[PDB]
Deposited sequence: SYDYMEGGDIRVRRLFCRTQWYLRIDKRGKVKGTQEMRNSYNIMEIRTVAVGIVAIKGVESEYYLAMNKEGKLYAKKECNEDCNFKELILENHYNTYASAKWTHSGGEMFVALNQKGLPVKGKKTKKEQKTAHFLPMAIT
């Protein structure tokens, strides 16, 4: 697979990758640094790279959410689908554990707090269209 799309979040924010690796959400729609590249690497394990910025979005051994062009095992996230029909994205560094989440302020969240059901942890793929 290969999937080009905007990653909408439940707290009405957009995942945006700064061209210096800053990962925060944006409210503006037609930004450009919010367009992603959903890539399949194995099972039901996926990797995302923002087309413009070119970085990757990862989770370190302790939880932080950063980015780089240097892949690692920190770049691997598993893509679930709760029955609400929303996806989730947990890490590979170790129920469910840590997910890609976003406060209602645009700022991301630290692994040691995420949880399956909360809204922050629910994102929604949408095409550029």
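Exercise. How would you list, in order, the spans of the deposited sequence that the model does not cover?
Worked result: Counting from residue 1, the stretches without coordinates are 1 to 8, 103 to 105.
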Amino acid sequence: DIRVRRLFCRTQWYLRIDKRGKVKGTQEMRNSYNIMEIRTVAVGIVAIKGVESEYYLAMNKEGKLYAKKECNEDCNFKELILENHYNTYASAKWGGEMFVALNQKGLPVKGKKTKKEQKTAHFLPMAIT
From here on, numbers count along this sequence of modelled residues.
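For this session: Higher average CA B factor in the deposited record is what I'm after, so tell me if that's 7 to 15 or 101 to 109.
Result: Higher mean C-alpha B-factor: 101 to 109.
Exercise. Per the entry, where is the mean C-alpha temperature factor higher: 24 to 32 or 70 to 78?
Worked result: Looking at the recorded C-alpha B-factors, 70 to 78 comes out higher on average.
Exercise. From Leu65, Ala90, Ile48, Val41, pick the one with the largest CA B-factor in the entry?
Worked result: In the PDB entry, the greatest C-alpha B-factor among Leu65, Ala90, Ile48, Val41 is found at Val41.
Problem set entry | Entry-reported Cα temperature factor of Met126, expressed as the chain third it lands in | As the PDB entry reports it, the C-alpha B-factor of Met126 lands in the middle third of its chain.
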